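Residue numbers (full-length UniProt numbering), protein chains in the order written: chain A, 81 to 144, 179 to 447, 465 to 656; chain B, 38 to 135; chain C, 41 to 135; chain D, 33 to 125; chain E, 33 to 125; chain F, 31 to 116; chain G, 29 to 115; chain H, 13 to 119; chain I, 13 to 119.
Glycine residues also receive a C-beta, built at the ideal position from the N, C-alpha and C atoms.
Remarks on the structure that follows.
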DNA sequence: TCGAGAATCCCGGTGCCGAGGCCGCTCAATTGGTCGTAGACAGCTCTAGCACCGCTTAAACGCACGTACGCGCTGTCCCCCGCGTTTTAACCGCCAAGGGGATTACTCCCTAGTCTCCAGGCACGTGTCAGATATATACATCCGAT
DNA sequence: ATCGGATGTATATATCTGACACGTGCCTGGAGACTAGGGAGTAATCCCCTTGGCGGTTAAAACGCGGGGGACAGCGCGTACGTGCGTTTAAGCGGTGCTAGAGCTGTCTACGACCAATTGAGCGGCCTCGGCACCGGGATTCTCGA
Ligand SMILES: [Cl-]
């Protein structure tokens with residue numbers, strides 16, 4: 081094409097391009113109701129106020179082409195060959211498009227992700243002959259990764275990153291966005307919020323959003339902005355759907371298909387608010403088939419083999435005396468939240484004035500006023516003979532400070548990554564620790580930090596020195612060392628304090644983890 | 038030699054710029070930190086509403102602006118154009134806060 | 041013959057120690073009941089009413105001079121001036 | 033949940049002086065606070081004025097004296113004239 | 033007639049704090065004015081507190097809040113101590 | 031009652047009276063233009079206070095001004111006077 | 029030593045030099061000395077102590093652990109600095 | 013009979029009934045008169061009309077057809093009687109009147 | 013039975029019946045608690061005793077036996093935070109605190 | 001002294017979200033009817049205000065003088081402003097779980113208000129004396145000219 | 001440095017008047033029933049505030065340097081004050097008369113409180129579409145070396 085052909089089609093033909101289209105919604109209703117009959121609940125729920133969807137129901141009910183182009187082994191337009199299951203995923207995506215609906219891709223991280231995405235976009239451009247636009251929203255750390263992937267396995271397209279300062283972004287927008295000189299626009303979340311108005315006035319085909327779990331709260335500004343965007347269909351990429359609740363799965367679905375899953379109350383009354391008998395069991399959970407067509411997930415135990423599994427263990431430490439007195443002080447009464472309980476369960480010196488004196492000393496007395504730290508010290512001493520390097524996680528960097536001072540008190544070699552360390556020093560740190568012969572025994576980290584590109588694959592043991600409300604965050608921290616790469620047995624040691632709130636945190640985490648287990652994992656297929 | 042204004046001609050421009058707008062001239066977060074660590078004295082474990090902190094900042098800014106105006110009059114009366122701590126001390130002493 | 045300043049300081053010490061009335065009672069009464077007839081006509085007054093008016097008036101004037109003096113000192117003088125009063129009662133809020 | 037305010041009357045006075053001028057929300061809050069403050073001042077002064085004369089009833093005479101005390105200059109004059117006019121009209125009706 | 037005052041009580045407090053000093057008529061009148069002014073200030077603050085919290089009764093809690101809100105620092109602490117011990121003795125007896 | 035309307039009685043606030051008030055204020059040296067300012071400010075203060083006192087007197091239906099009314103006016107202005115009532 | 033978080037800059041130093049300069053400009057001053065930047069901080073701290081003290085007294089009389097805007101308005105009106113636009 | 017509001021009988025806009033109730037429940041006196049709410053409503057109406065007229069004039073001067081706290085501040089502070097009435101009051105988001113001391117201007 | 017005044021019950025000297033009656037017929041609230049008059053009387057008695065012992069100390073400092081408004085003014089103005097309480101108050105036949113500025117004094 | 005250049009204001013031309021109508025509901029304002037008592041209104045009393053007249057004698061007033069002080073001018077540092085350049089913290093957003101507070105809806109109990117009686121507390125009218133002025137009077141103690 | 005005035009400052013004595021003590025009565029505070037309703041306790045629920053942390057943008061904030069103009073000091077001078085002394089003048093006291101109007105008592109209406117029934121006026125919730133904020137760009141204007 082040429083820029084003028086792009087201008088005649090991309091821009092919104094009308095002032096208000098947002099309006100109710102009947103053909104598409106009728107097609108969706110007929111196809112889905114052909115697939116299964118449970119959807120009548122949603123349709124009657126949405127027809128309560130607005131009755132034109134009820135006449136759609138009537139016309140599609142009383143009256144009782180998605181060509182099976184299997185799109186086999188990798189076509190030449192995408193360079194090279196690739197995983198057959200990835201062809202299966204692309205076939206899934208093609209059929210999803212040909213049924214005029216969208217669907218979450220929930221492949222586990224590292225299992226050839228975004229490759230099926232670029233291949234599907236190439237399929238759209240060559241078999242469907244349709245050019246752009248294609249908005250791609252990814253975290254900033256992956257913008258250049260996406261661009262490189264696109265330009266090295268399907269180079270004969272147009273794709274640029276929309277990053278830069280205010281003026282550089284503005285000139286780039288006027289040159290290309292308003293210039294209509296693209297096929298795919300790589301952009302970041304913050305950029306999507308920033309450049310709302312220019313991006314609205316485009317007739318979008320798809321809006322690919324990688325790590326879709328970021329959109330899980332429907333009061334989030336990004337969700338509102340994406341709702342305000344006009345587009346023909348959507349596509350979602352995320353490895354951990356339904357992280358800590360069932361409602362957020364509906365939140366993903368609503369953005370996916372805003373005409374099907376348009377009611378929160380219907381979905382949360384589908385299963386959640388009924389716990390008396392088998393009605394909280396096999397039948398109601400098998401009613402999941404509503405979630406069957408909209409999602410696909412695959413595991414690292416179907417594909418690459420390798421990576422021996424995990425050996426998660428629990429180390430039930432016992433409260434220490436100073437911990438005991440601080441814990442009793444906290445319980446009955465600065466301190467303004469229950470988080471103080473978890474702080475005390477971790478190490479008393481986090482509270483001010485816990486260090487005696489203070490004359491500032493860093494002697495052996497540190498482990499004395501700590502329950503978990505003594506077990507940690509013994510564990511490190513035992514592991515030192517076998518020389519297995521260590522990744523310690525935590526929830527507070529302020530705790531990592533105490534831990535690292537302990538670390539160099541016993542003459543060990545650590546290396547930190549926190550929210551305050553910049554990008555370049557982070558990269559040099561990960562290079563140093565991952566050196567072919569690195570003289571840094573332990574490595575420190577925060578559970579919800581560093582993004583996903585970190586490749587700390589050189590070690591074998593990972594202690595979750597503190598737990599998290601969301602088990603998914605801990606799982607990300609664990610696969611941070613359990614990803615493809617590391618081949619020795621990854622060993623993970625969570626530390627739990629007895630007779631304290633940490634038991635309750637672990638128990639709720641297990642509830643949410645097993646909820647995730649029953650909702651998705653068995654029906655993952 | 039690049040263009041350079043003479044002293045005072047940017048000061049008056051800022052005077053007439055700021056005497057025309059209405060926004061708050063102090064940053065929100067430092068002021069909130071200030072009146073939380075001040076409130077820690079009289080009673081501990083307090084929760085502050087955003088509206089309460091906003092009202093506090095409005096009142097304090099108005100107070101300081103009026104005080105600086107009277108300090109300016111004191112400095113002018115002393116045949117000067119620069120304000121000094123003695124002017125503020127006199128302004129607060131006259132009005133009755135000292 | 042004393043030098044300029046001595047008698048003034050002794051007068052300051054004298055009048056900062058007594059409590060009696062510095063304005064003449066009958067002139068003050070004439071002024072008060074002259075000002076009065078601009079609001080309502082043919083008024084009568086209580087002796088204690090005029091006394092209270094005088095007690096408030098002199099207190100006001102003394103408090104004003106105690107600020108006029110500070111304003112004068114702030115300008116590196118010892119003399120008080122109309123501009124000193126104007127500044128004092130403009131800062132105090134009376135405009 | 034039901035909170036009463038003078039907004040609906042201030043925006044009837046506004047549409048009689050400037051029939052085509054709107055008013056923002058913050059200005060509306062300021063207007064409500066202003067009428068509340070003036071009501072408090074007048075009522076307190078009238079209550080004290082009644083207590084001084086050993087009267088049990090607060091009425092239009094105390095209201096007139098209180099507005100003549102609180103309001104400066106021509107403002108008090110016009111307010112008193114308007115109050116007398118309204119009272120006479122009401123008692124005639 | 034029969035104008036009431038606090039002279040008979042101020043004199044008792046004087047004779048128990050300084051057993052052999054007197055007080056003139058003007059000073060007694062000033063003390064009476066002081067007592068009335070402070071009583072009015074405290075009662076007004078207590079009334080505004082009770083109206084603020086939508087209570088319909090003045091009580092020792094409102095009086096204590098008013099005194100701690102009106103008197104500066106050290107005077108406030110001693111006044112609170114005096115009031116609490118007086119009320120405890122009254123409740124016991 | 032008879033022969034009471036007078037003029038220029040502000041000249042009765044004599045210059046030595048101003049100087050005595052200045053001495054009680056602790057003023058050592060006095061300029062010559064100061065007396066007109068003092069007379070003006072005293073007249074303004076008296077006008078305000080007397081206006082309020084006459085308002086109270088008129089409301090009470092009296093036509094004699096009482097020290098208690100003067101006290102009310104002063105207190106309303108914010109200059110509470112101790113000694114004459116209340 | 030890095031166990032102990034290094035003591036942060038004092039909170040009263042959060043009223044920076046440019047902020048005081050902006051307040052003085054709105055007040056209408058042209059030149060500014062170098063000690064105003066601490067005299068003003070002292071004055072602001074004192075004013076804040078007074079208003080906070082009154083507001084806390086109100087909010088603990090009401091049996092609440094929450095200072096609220098209407099309590100702040102009450103405190104300001106008590107001091108004689110009535111504020112319109114918050115209650 | 014037929015209801016007929018006291019405000020309408022007085023020819024006013026402010027709520028005479030609600031003013032009466034506030035006077036009666038505010039603990040101002042033992043019992044309120046009958047013309048007191050009418051007089052007070054009239055006075056409040058006058059003051060509000062004055063403030064709003066001046067503020068609308070300021071808004072028209074600033075070429076905006078909507079009153080804002082800046083316009084209220086300009087209206088109040090540019091009139092002597094209103095400024096004396098509201099001397100202690102501070103208007104939130106009000107600002108300051110433009111003012112530069114004469115000796116501060118360039119020679 | 014023989015009556016016992018509430019002021020005698022509480023061990024106070026100011027009248028509690030009079031304080032209760034004033035709080036009642038003073039238009040402060042609809043209802044008045046029973047401990048409030050006692051607490052208020054105690055506070056008033058405290059303040060009176062404080063200012064009065066200061067005045068007596070001043071009177072003895074001037075070799076006088078009786079107390080006069082000059083002594084009251086001396087006590088109040090000399091005592092900080094009692095000066096702050098009586099900040100805007102004017103005491104008749106009081107005076108001023110002896111005070112001369114430093115620069116006015118002879119070399 | 002007039003050009004050079006930076007700041008500002010005024011046009012159009014987007015966008016977005018707050019004001020401003022519109023509707024249903026409910027609950028306080030209105031109407032009608034007692035009734036108990038503030039408070040006009042009249043009448044009587046006598047206290048405090050007003051008005052002069054006279055004396056006396058201290059505070060004001062006018063005039064001289066001479067002398068510190070306020071004011072203007074001149075230098076000179078120095079310190080504060082204006083402009084560049086680099087760093088950092090404020091400001092959005094987002095996550096997790098709690099408790100806090102504001103409603104609304106109740107239940108119930110104890111503590112006020114309302115009476116009726118009745119004696120002591122206090123207010124007023126007196127009748128004393130000593131604490132506080134008034135006069136002198138001697139002493140000590142700044143202040144100013146040699 | 002010394003000496004000579006002039007001004008507080010102790011010291012004794014007389015005068016008086018104002019504070020303090022004492023007797024009466026009358027009105028108000030206390031005692032004792034009786035009650036109702038205001039406030040305490042409980043319990044749903046729905047939204048806001050806290051604490052610790054992370055990731056990203058981007059204006060402010062901080063630091064540095066030059067240099068100019070303003071503050072501060074010193075000096076001269078020419079008034080404009082302070083001090084002191086005669087001499088008018090009017091304020092203060094002391095008394096008298098005249099009277100109005102401030103205050104207290106009776107009483108008997110109008111008028112405000114309270115209650116029931118009723119109903120529109122105002123309040124909360126929703127939707128929308130102009131008014132205003134924002135962003136160039138072009139033109140004006142206002143300052144600063146010559
Ligand atoms: Cl991935």
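CB of residue i within 8 Å of CB of residue j, strictly
{"i": "residue 68/H", "j": "residue 45/D", "result": "no"}
{"i": "residue 29/H", "j": "residue 89/D", "result": "no"}
{"i": "residue 521/A", "j": "residue 482/A", "result": "no"}
{"i": "residue 88/C", "j": "residue 75/F", "result": "no"}
{"i": "residue 274/A", "j": "residue 314/A", "result": "no"}
{"i": "residue 118/D", "j": "residue 50/H", "result": "yes"}
{"i": "residue 192/A", "j": "residue 267/A", "result": "yes"}
{"i": "residue 114/F", "j": "residue 13/I", "result": "no"}
{"i": "residue 88/H", "j": "residue 99/D", "result": "no"}
Near ligand 1: residue i beta-carbon under 7 Å from a heavy atom
{"i": "residue 227/A", "result": "yes"}
{"i": "residue 224/A", "result": "yes"}
CB contact check: residue i to chain D, cutoff 8 Å
{"i": "residue 110/G", "result": "yes"}
{"i": "residue 29/H", "result": "no"}
Interface flag, residue i vs chain F, CB-CB below 8 Å
{"i": "residue 107/D", "result": "no"}
{"i": "residue 35/E", "result": "no"}
C-beta neighbour in chain B for residue i, strict 8 Å
{"i": "residue 45/G", "result": "no"}
{"i": "residue 104/H", "result": "yes"}
{"i": "residue 359/A", "result": "no"}
Supposed contact pair residue j and residue i - C-beta distance, whole angstroms, cut 8 Å
{"i": "residue 536/A", "j": "residue 493/A", "result": "6 Å"}
{"i": "residue 599/A", "j": "residue 580/A", "result": "With a Cβ gap of about 12 Å, residue 599/A and residue 580/A do not count as contacting."}
Cutoff 8 Å: residue i Cβ touching any chain G Cβ
{"i": "residue 118/H", "result": "no"}
{"i": "residue 480/A", "result": "yes"}
Could you give the uninterrupted runs of the alpha helix (DSSP H) lying entirely in the UniProt domain "Core Histone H2A/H2B/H3" (44–131) of chain B, keeping only those of 4 residues or more?
Counting whole runs of 4 or more residues, the UniProt domain "Core Histone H2A/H2B/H3" (44–131) of chain B contains the alpha helix (DSSP H) stretches 48–55, 65–74, 76–79 and 87–114.
Where are the alpha helix (DSSP H) runs, 4 residues long or more, that stay fully inside the stretch 36–118 of chain D, in chain order?
As far as the stretch 36–118 of chain D is concerned, its whole alpha helix (DSSP H) runs of at least 4 residues are 39–49, 57–84 and 92–102.
Which runs of the beta strand (DSSP E) spanning at least 3 residues fall entirely within the stretch 313–347 of chain A, listed in chain order?
Here the runs fully enclosed are 320–323.
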